[PDB]
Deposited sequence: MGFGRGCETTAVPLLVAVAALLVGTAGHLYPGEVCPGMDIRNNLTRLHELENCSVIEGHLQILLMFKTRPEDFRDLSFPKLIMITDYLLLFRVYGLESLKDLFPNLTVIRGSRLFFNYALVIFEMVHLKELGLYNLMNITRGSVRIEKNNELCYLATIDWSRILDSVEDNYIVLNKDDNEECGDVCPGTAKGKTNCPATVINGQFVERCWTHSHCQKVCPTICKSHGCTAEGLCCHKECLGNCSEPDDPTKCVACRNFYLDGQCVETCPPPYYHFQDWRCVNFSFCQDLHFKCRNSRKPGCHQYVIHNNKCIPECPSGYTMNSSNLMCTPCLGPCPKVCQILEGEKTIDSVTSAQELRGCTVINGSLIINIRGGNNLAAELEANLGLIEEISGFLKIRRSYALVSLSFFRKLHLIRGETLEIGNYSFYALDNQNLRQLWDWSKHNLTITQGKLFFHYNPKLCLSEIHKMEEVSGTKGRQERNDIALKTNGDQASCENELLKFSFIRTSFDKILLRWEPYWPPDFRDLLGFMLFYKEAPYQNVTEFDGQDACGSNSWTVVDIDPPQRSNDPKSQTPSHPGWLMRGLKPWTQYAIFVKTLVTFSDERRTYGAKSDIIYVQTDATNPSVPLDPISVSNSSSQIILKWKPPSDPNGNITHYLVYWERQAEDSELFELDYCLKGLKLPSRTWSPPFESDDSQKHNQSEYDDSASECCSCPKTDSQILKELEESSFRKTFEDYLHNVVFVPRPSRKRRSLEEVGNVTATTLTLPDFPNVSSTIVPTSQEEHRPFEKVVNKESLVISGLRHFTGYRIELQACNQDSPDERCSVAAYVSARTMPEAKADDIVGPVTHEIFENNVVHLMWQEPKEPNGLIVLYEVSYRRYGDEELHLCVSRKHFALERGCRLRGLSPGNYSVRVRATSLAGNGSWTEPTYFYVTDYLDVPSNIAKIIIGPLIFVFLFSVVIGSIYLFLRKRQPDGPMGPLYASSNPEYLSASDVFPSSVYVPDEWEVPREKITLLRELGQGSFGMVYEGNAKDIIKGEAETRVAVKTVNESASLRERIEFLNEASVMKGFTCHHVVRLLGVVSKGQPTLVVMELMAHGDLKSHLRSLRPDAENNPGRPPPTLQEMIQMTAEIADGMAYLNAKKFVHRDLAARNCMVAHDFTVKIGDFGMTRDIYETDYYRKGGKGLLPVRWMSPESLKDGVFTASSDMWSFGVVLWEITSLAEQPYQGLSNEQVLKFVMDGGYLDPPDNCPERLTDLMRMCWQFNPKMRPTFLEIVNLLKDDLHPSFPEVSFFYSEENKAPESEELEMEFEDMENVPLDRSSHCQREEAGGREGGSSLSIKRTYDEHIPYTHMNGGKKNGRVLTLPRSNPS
C-alpha cells in the first residue's frame, strides 16, 4: 500500500556497497539518491542485494560509473515515481558511464513529475528504444539518450508478444518492454495519470502510478499530490501543513525541525500559507513564539548573497537556487549551453528578482530566444562590473531575438557600459530601444555594440518597399516597386529579388532563388521574371543591397512577402494511351492524366475513325506460294567583394575629385468525357482497325484552350461465323465433263476474304484441293474443274479471311458421265 517505515533523507553512497544497507527500512527518499564511483565491485555483489521497499524518490536518481551492475530490476523493483523537486542539471534520472550495465529494468517507473532523463556513454545498455518515455515523462523532447549500445551495435530487444503493449513512436508500432521478461505497463487514456490495475481499471482521482484496489485512496502506492496517514489527499486538512510538496505534517514536526536547526549548526524552517517552508519569502518575518510569517510593516526584500559575487546559470538546478529571490547581491552569468528551451522552468525560478547589484551577462546561450523570463527585472545597479567596465554582457547568443517587451517593461542601468557582439538574430533596433529606456544612451564607446555581427541573420530593414505595378502572363511575372534611395544614393548597389513557389499562403521569411537587380537611373527599378511554371503561386519580396557604413546605421529597406499566382494554360499530352477490345464491337481505352495540368482539368476528348482496308489485299493472289497473310551555385564570396570594392572605389574617387576641385573661400465520331479516364465504345465493326485521338482539355464553353492529342490504334475482335460460307453449293456439268462450282460469298466477312479452298474427293479415292483466290473467284464466279475422272465426288468449300480459316461447307455430291 502506501509508504511504510522511515523516510531516509537524501543520501550519497560511494566506493563500496557497505553503506548502502541503510536504505533497507525506508520506502520513500526525501531527497536525492546517488549510487556512483564503485570500481571494486563485481556482478556477484548485487544478486543478493535488493530493495523492494523503495517506492518514490523526491529529487532525482543519479548513477555514475558503478562497475558490475547489470540491471536495476533487482536494486529498485518497485520504484514508481520520481517527483523531481530538485534536479541534477535539469535532469531527474541520470545514468552516466554505466559500464557493465545492460538493461534498465525499472519496470515500475510510471511518472516522472518534473525534469528529464539523460542516458549517455553506456556501451552495453540495451532495451532503450523499447521504452515509451511519453507515458512516463511529460516533456519528452528534453531527453538526451545518446552513445549507447542501442545505436552503436544491433543488440536484440525481445519483448514477449505471445503480451507487451505496442505504441506508435514516430510512424510505426513497436512493443514496449523494460527487459526480456517485463513489459512496460501502459494504462488506457481514461486513466490519465492515476494509473490502472492489472485488469485495467482507473485508480482514485488522487492516485498516481499504481494501486491495489481501484477507486480507493488508501490502497494506492504513490500519492499524486500529498501523503497523509496512508491516504492521498488533494490538500492537507487542519491542523496539518504542507511539507516538501509531497506530504502533510503537524506544527510539532516543523517546530522540531526548526528547533533542531536553531540549537545546532541548515534550513531553519518557518510557517507560511499553511506550509512548512525552509525560508520565509519577501515581505514577511518570523515571530518569536509562533513560526507563522506575519507580513512586515515595511518593504524588506529577500537578498540572496551570491558567494564570490558571481553566479553562473547553466541549468534548472542552478536557477532553482535563486527561487524566491527579489534582490541579488551579486552578478548573474546566464550561459545555457543547450538546444532545448528552458524558459518555462527559468521564469519559475528567475523572474521574481528586481535588482541586480552586479552585472548581468548572457554568454553562449544557444537555446534562449528572449530574455522575457526576467518578469520583474527593473534595476541593474552595476556595483561590480564585468572586466572592461560592463554591466550587460551579451555575447554569442545564436537565437536571441528579443531582449524585453519595451511597451510595458521598465529597465534602469545605474553604472557600467553596454556590450553586444555576435548576436546573429538580435537586431540593432532592440539594442537602441533598450539604450534609450535604460538611460545609458551617452555611455557606450565605439566597438562596444557591434554592427556586422548583431542581427546579421535577421531581417530588420525597418523600411517598407511597396510594389507599384504587378501583372502576370504565361510564364513571366512583371514586378515594379517604388524606387528607394539612401541619403547617399551611391550607397545603393542594387536590389535583390527572392522568389519561391508556394502552394499555400503563410510562408517563412528571410530555396529562395536570388537574382541581382541594378539600381535605376535618376523609371521604377522593377524586374521581369522568366522561367516559370504555369498555374503556380510564388512568394515575392525584394531586399535592398546597400554598402556597409561603419560610422552610422548601415541602412535598410525591404518589402512584405507578396504572393502572385501565374495564369492557367493548355495542359500536357495525356500519358499511357492503351486500347483493348474485349468484345467484337466494344473497345476499352485507358489513359493517365497529363503530368502538367496547368490548371483544373475539366474534360477529355476522344476521337475515332474506321481505317479502310488496304487496297492491295483486294488485288493480291494469295493462292501462290508466299501466302503468309498476317493474323491481324550561389555567388561565390570573393566575387561579390569585388563589386562591393569597385562600387566603393568609384565613390571614393568621386569624393576626392569633389573635395579637390571645390575650395571654400572665406467530322468524325467523338464524345465528351466527364472526370473519367476510360470509356467503353459501341457501334464498332467486327475485326476492324481504329485510330484514336485523345485530348485532355480544361476549357469547354469559352473556347477550348488545350494542346495536341495522343495517337494509338486498336482492332476489334472478330465474329464467330463471319468467315463461314452460307448458301447452297451450286455446280454445273458441261458436255466435256467440266465442273463449274458456285457458292455464295460471305457478304460480311471479318474485313475481307483473300482466298477460298475447295476439297473434292471421289468416293474411295484421295482428297483433292484447289485454292480459289479473290480474282479467280471473281473471274470464274466460283470454281471451274476441267479433266475429271468419272465417279461421284464430295465437295467441301472453306473461306479464309484476315481473321483466319472459316469452317468448311457441307459436302456436295456430283457425278460426271462415264460415256
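Chemist: Should a student be asked to find the unmodelled regions, what ranges of the deposited sequence would be the right answer here?
Modeler: The deposited sequence has unmodelled segments at 1 to 27, 190 to 194, 298 to 300, 546 to 554, 567 to 575, 686 to 713, 748 to 784, 938 to 1372.
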